[PDB]
Amino acid sequence: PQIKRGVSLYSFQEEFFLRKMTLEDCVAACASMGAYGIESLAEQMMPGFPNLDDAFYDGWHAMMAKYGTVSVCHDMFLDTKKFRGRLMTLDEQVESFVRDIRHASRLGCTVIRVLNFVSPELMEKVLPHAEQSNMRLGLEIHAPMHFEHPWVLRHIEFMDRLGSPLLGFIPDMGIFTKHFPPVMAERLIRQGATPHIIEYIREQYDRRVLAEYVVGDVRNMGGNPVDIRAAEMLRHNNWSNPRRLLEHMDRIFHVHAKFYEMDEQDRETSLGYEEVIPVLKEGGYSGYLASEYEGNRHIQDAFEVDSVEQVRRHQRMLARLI
Amino acid sequence: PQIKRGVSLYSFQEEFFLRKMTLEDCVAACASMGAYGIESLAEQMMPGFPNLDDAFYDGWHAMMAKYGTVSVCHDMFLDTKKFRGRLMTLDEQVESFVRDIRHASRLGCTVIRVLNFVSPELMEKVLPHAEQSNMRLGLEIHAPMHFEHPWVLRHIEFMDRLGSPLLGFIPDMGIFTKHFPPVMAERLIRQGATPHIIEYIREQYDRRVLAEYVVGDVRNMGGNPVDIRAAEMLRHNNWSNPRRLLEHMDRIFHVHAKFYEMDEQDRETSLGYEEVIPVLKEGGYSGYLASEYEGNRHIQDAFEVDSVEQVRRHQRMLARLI
Amino acid sequence: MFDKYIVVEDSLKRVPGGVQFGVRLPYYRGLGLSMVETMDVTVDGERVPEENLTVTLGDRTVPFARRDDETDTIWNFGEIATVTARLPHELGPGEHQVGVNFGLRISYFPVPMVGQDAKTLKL
Amino acid sequence: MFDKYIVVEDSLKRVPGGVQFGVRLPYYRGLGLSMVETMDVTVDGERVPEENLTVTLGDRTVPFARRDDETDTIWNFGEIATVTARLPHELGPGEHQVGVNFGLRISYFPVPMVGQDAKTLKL
Ligand SMILES: [Mn+2]
Ligand SMILES: [Mn+2]
C-alpha cells in the first residue's frame with residue numbers, strides 16, 4: 001500500500017479568488033510538486049456546474065492528460081437550506097445529490113466528499129443511484145467529531161445493514177490538532193485578544209481541559225468577545241485518538257491532509273502528522289492525502305498568502321513523513 | 001467473573017435530606033434489596049468529615065457487620081475553587097486528597113471516585129500517598145465525555161508512564177443515554193417548554209444530530225430559554241460506544257449504574273442497559289454496579305420521590321440483566 | 001437539586017432586630033461556606049444585603065460577608081442553617097413570602113450551580 | 001474568509017439614479033443567491049434597503065428582495081457581482097466609504113457564516 005500525495009484545489013482558493021491562477025494553472029502547480037492527485041470543488045472553480053458542457057469535460061480530460069494528473073475526489077455540497085423557511089425534502093435532496101453523482105462520474109472522480117451533516121437516510125436513498133455510476137460516497141469526519149461520535153456511530157449502523165462498499169469516510173486532519181494552531185493564535189491576538197489570556201487558552205488546549213471549563217475560566221479572568229471566541233474554538237478543534245483509524249481503515253477512501261502553517265523547516269506547527277501518518281501506514285492505507293491549505297483564512301489581513309509555497313512545503317513534509 | 005449489585009447512598013439522598021432515612025436506614029434498605037455493596041459520599045451522609053470521631057468508624061463497621069454490607073467506593077470531592085479568586089495550589093490539593101484517602105482507608109473502602117476534572121498532575125502527586133493506604137483512584141468518566149475524549153486520553157497517557165494499577169476509571173451510565181430521558185422531557189415541559197419542540201429535540205437526540213445544529217434549529221422554531229436549555233442538554237447527555245469499554249476493562253474499578261425512571265415493568269426508559277451489561281459481561285467485569293438514582297432531581301417538581309421503590313425496581317432489572 | 005426545600009416550612013421566627021429562618025442549600029452534598037458564591041435572600045421579595053446575613057451553621061455564626069475566610073466550615077447536607085437577616089424594618093404578624101436563590105461555586109462545574117425557592121411562611 | 005476582498009477596489013460607478021460596485025461573497029465556493037440570508041450594504045453612512053438593492057450576476061439582474069425565488073442562480077467563487085444600490089441621495093463626486101456585511105445561510109453550519117468588509121473607494 002502507498003499513500004499518494006494529492007492536493008485539493010481548495011488549497012489555492014486564494015489565488016483563484018483574485019484571478020491570479022486559473023484551473024489549468026492550479027493543476028499545473030499541483031503537477032510541479034509531484035502531487036498528481038487532484039480534488040476539486042465543482043462549486044468553487046467550475047462555473048456553470050451542474051449545467052456544464054461536454055466540451056468542458058473534454059477539456060478537463062485534456063488538462064489531466066497534459067499534466068499527468070488524476071481527478072480523485074469531488075467535493076459535493078448539499079444545500080438543504082436552499083429554500084428559506086424549510087428544508088429540502090429528502091426527495092429533493094436525492095436529485096441534488098444525483099447532480100454531483102453524475103458530475104463526478106463525468107469528471108472521472110472516484111470519491112465524492114459528502115459533508116458530515118447529511119443524514120444517513122439520504123445516503124441510504126442515493127445509494128442505488130451511486131451504484132449505477134460506481135461512485136464512492138465518503139462522509140467527511142471533521143472536527144468537532146471523530147470515529148466514535150454518536151452521529152458517526154449512527155452513520156456506521158446505517159451503512160452496516162446496507163453492506164455497500166461505496167459508503168465510507170473521509171477523515172480530516174483537524175481531528176488531530178495537538179496544539180492550538182499558532183496562525184489562529186496570532187490572528188486572534190491581532191483581532192484584539194489579550195496575549196496572556198491567549199497563552200492561557202493555548203496551554204489549556206494542550207492540557208485538553210474541556211471547552212466548557214476553558215470558556216468559563218477565560219470569562220472569569222476577563223475576556224473580550226474575541227477571547228471567548230478563541231475559547232470556543234476548542235469546541236471545533238479537537239485531538240482525537242490517532243489509533244481509532246485502524247478500526248475503520250476499510251471505510252477511509254480519502255484523507256484531507258489539512259494544514260495551517262508550514263515553517264521554514266517543513267514542519268506543521270500544530271496538527272499531528274508525526275503521529276497520524278505512521279498510523280495510516282500501518283493501517284494499510286492506499287489512498288490520497290489531499291493537501292488542504294487552511295491557513296489562508298487566518299494569515300489574510302496582515303500577511304501575503306503564498307498558497308503555492310505553503311502547499312509546496314506541505315508536500316515536502318508529506319514526502320518526508322511518507 | 002461476577003458483577004455485584006451495589007447501591008450509592010446518593011440514590012437515597014432525597015430521603016436523607018428530609019430526615020426520613022438515616023445512614024443505618026439507608027444501609028438496611030440496601031441490604032433488603034440484596035445490594036450489599038455500599039458507595040458513600042462522606043460529604044453527604046457523614047457530618048464531621050474529614051475529622052470524624054474514632055468511634056464513628058467503629059460504628060460504621062458495626063453497621064456493616066449487622067447488615068452484611070460491604071463499603072466499596074468513597075466519593076471524593078475536591079474543592080479546587082475552595083478559596084475565592086484563586087485555585088488551590090497543587091500542594092493544597094495534595095493534602096485535600098490525602099484527607100479523602102485516609103478517610104476511605106478507615107471506612108474500609110477499596111475505590112475513591114475522583115471527580116472527572118482533576119488534573120493528571122494531581123493524580124500523579126497523590127499516587128505515592130495512595131500506595132501507602134492501598135487505595136485505588138478511579139477517575140469518573142461521566143457524560144459529556146467517554147473513553148476517547150482528549151481529557152481521558154491525556155489521563156491515560158499520564159497513567160501509562162506511571163504504570164500504577166491504582167489509577168483507573170469509573171464509567172458513568174449517562175455516557176450510554178439511548179433516548180432523551182422521559183423524566184427530563186416532562187420536567188422541561190412543565191418548566192414551560194413547548195411540547196412539540198420538545199418532541200423535536202427528542203427525535204433529534206435519537207438521530208444523534210450534533211448539539212450545535214439542534215440548538216440552532218430549536219432557536220429558529222421559537223424555543224424559549226427553557227427550550228434552548230433542553231437543547232443544550234444534548235451536550236451533557238450523549239450516547240457513547242458500548243464497545244469502547246472492552247479495551248479499558250482492566251482499568252474500570254467501579255460503574256455508576258445511573259438511572260432516571262423505572263416503569264412498572266422494571267424497564268429503564270432512556271439509558272443503554274440491554275446494550276452495556278452484555279458488554280461488561282463479555283469484557284470481564286468484577287466490580288460493582290452501584291445503583292445511582294438520578295431522576296429524583298427531575299420528578300421532584302410534582303411527584304413524590306420514592307427512592308427506595310425506584311432503586312428496588314432498578315436492582316431487580318439489574319438482577320435480570322445479570 | 002432540592003429547590004422546593006431551600007426555605008424550610010414553619011421556621012420563620014423573630015429575633016431581636018431581625019428574622020431568622022431555616023435554609024437548606026440546594027446541593028446534594030456538604031459544601032464549605034466559602035464555596036457559596038451567592039446566597040440571595042428576599043424576605044417579602046425585598047432583597048437584604050450580604051452584610052445583613054449571619055449564617056448560623058451548627059453552633060457558630062459567621063457574618064456572611066466574611067465567609068470567604070470561613071473556608072473549613074461545611075454546610076452539611078440537609079442541615080437547616082439558621083440564616084438570620086436583620087431586616088431594617090420590623091416585620092408585622094402574618095404571612096411573609098421568603099425566597100432564596102443560591103449560586104454555588106462548584107469546582108467541577110463551569111458555571112455556578114443555581115437553585116431557587118420561594119415559600120410563604122408565617123411567624 | 002475573504003473579508004478583505006468583498007468590496008472590490010476601483011469599482012464604484014454611477015448608474016443613473018444610484019451607485020453600483022463590485023462585491024465578492026466572503027465564501028470559499030459558489031453559493032446560490034437564495035442562501036444569502038443577509039447582505040447589509042452601507043454606502044457612506046447609510047444602510048441600503050433590500051428593495052434598493054439589485055444584484056447583477058453575469059447578465060441576470062435580480063432585485064435582492066426576490067432572491068429567495070432565485071435558488072438556481074449561483075454566485076460564482078471570486079465573481080464580482082455588480083450590486084446596484086438605488087441610493088435615495090446621489091453620491092457627490094469624491095471619495096466614498098463602502099462597507100458590506102454578509103450573513104450566509106450555510107446548511108452545514110449551525111449559525112450563518114459572517115463576513116465583513118469596509119473599503120474606501122471613489123467615483
Ligand atoms: Mn477537509
Ligand atoms: Mn455517577
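Naming: A, B, ... by sequence-line order, numbering from 1 per chain.
Remark: the backbone N or O of A:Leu122 is paired with a side-chain donor or acceptor of A:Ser119 at under 3.5 angstrom. At distances below 3.5 Å, at least one donor-acceptor pair connects side-chain atoms of A:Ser164 with backbone N or O atoms of A:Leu166. Put simply, the side chain of D:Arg67 gets close to the backbone of D:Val36: a donor and an acceptor are under 3.5 Å apart. A donor-acceptor pair under 3.5 Å is formed between the side chain of B:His149 and the backbone N or O of B:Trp151. Remark: side-chain polar atoms of A:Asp160 are not paired, donor with acceptor, to backbone N or O of A:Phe158 under 3.5 angstrom. When atom types are taken as modelled, the side chain of B:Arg267 and the backbone of B:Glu264 share no donor-acceptor pair closer than 3.5 angstrom. In this structure a side-chain-to-backbone donor-acceptor pair under 3.5 Å is missing from B:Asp206 to B:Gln204. With hydrogens and angles disregarded, no donor-acceptor distance shorter than 3.5 Å links the side chain of A:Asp75 to the backbone of A:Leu41. Proximity of a side-chain donor or acceptor of A:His155 to a complementary backbone N or O of A:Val118 within less than 3.5 Å is detected. Of the possible polar contacts, one joining the A:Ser240 side chain to the A:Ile175 backbone as a donor-acceptor pair under 3.5 Å is found.
Counting only N and O atoms by type, the side chains of A:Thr89 and A:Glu92 include a donor and acceptor under 3.5 Å apart. Residues C:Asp40 and C:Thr38 have side chains that bring a donor and an acceptor to within less than 3.5 angstrom of each other. B:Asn241 and B:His146 are not linked by any side-chain donor-acceptor pair at a separation below 3.5 angstrom, with hydrogens and angles left out of the test. Inspection of the B:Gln315 and B:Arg312 side chains reveals no N or O donor paired with an N or O acceptor under 3.5 Å.
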Residues 218-237 of chain B, side-chain donor-acceptor partners within the protein, below 3.5 Å, at least two apart:
unit_1	atom_1	unit_2	atom_2	d
B:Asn220	ND2	B:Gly216	O	3.2
B:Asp227	OD2	B:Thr194	OG1	3.1

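Centroid-to-centroid, the aromatic rings of D:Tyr28 and A:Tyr10 come within less than 6.0 Å. Ring centers of A:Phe253 and A:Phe169: at least 6.0 Å apart, outside the cut-off. Taking the six-membered ring for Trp and the full ring otherwise, A:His74 and A:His103 have centroids separated by under 6.0 Å. Checked against the 6.0 Å centroid threshold, B:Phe17 and C:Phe2 count as a close aromatic pair. Two rings, from D:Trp75 and D:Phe102, have their centers less than 6.0 Å apart.
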Take B:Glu212 and D:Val111 through the test side chain to side chain contact (heavy atoms under 4.5 Å, CB included) and record every step on the way to the result.
CA-CA 9 Å; B:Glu212 293 177 350; D:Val111 292; over 6 Å; no
Please assess D:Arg29 against D:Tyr27 for the test side-chain hydrogen bond (donor to acceptor under 3.5 Å, both in side chains), listing each intermediate value before the final yes or no.
CA-CA 6 Å; D:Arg29 95 196 145 90; D:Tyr27 198 37; 3.0 Å; yes
Can you list the steps and then say if B:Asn116 with C:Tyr108 is a side chain to side chain contact (heavy atoms under 4.5 Å, CB included)?
CA-CA 8 Å; B:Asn116 198 204; C:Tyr108 56 87; over 6 Å; no
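Within the 4.5 Å cutoff, side-chain heavy atoms of D:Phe64 are placed close to those of D:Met39. In this structure, A:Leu137 and A:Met76 have side chains that are not in contact, with every pair of non-hydrogen atoms separated by 4.5 Å or more. Between A:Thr80 and A:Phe117 the shortest side-chain heavy-atom distance falls below 4.5 Å. For the pair B:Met145/A:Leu210, a side-chain contact is recorded, criterion being any heavy-atom separation below 4.5 Å from C-beta on.
For the residue pair A:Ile112 and A:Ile170, the shortest heavy atom distance occurs at O-CD1, 4.3 Å. The two atoms that bring D:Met35 and A:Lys81 nearest to each other are CG-O, 3.8 Å, heavy atoms only.
Contacts of B:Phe259 classified as side-chain contact (heavy atoms from CB on, under 4.5 Å), with partners at least two apart in sequence or in another chain: B:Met262, B:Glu268, B:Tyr273, B:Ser291, B:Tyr293, B:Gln310, B:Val311, B:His314.
The salt bridge (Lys or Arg N to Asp or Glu O under 4.0 Å) analysis of residues 105-116 of chain C, with sequence neighbours excluded, yields the pairs C:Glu37-C:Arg105.
Because its NZ or CZ atom is both nearer than 6.0 Å to the ring centre of A:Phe83 and within 45° of the ring axis, A:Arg86 counts as a cation-pi partner of that residue.
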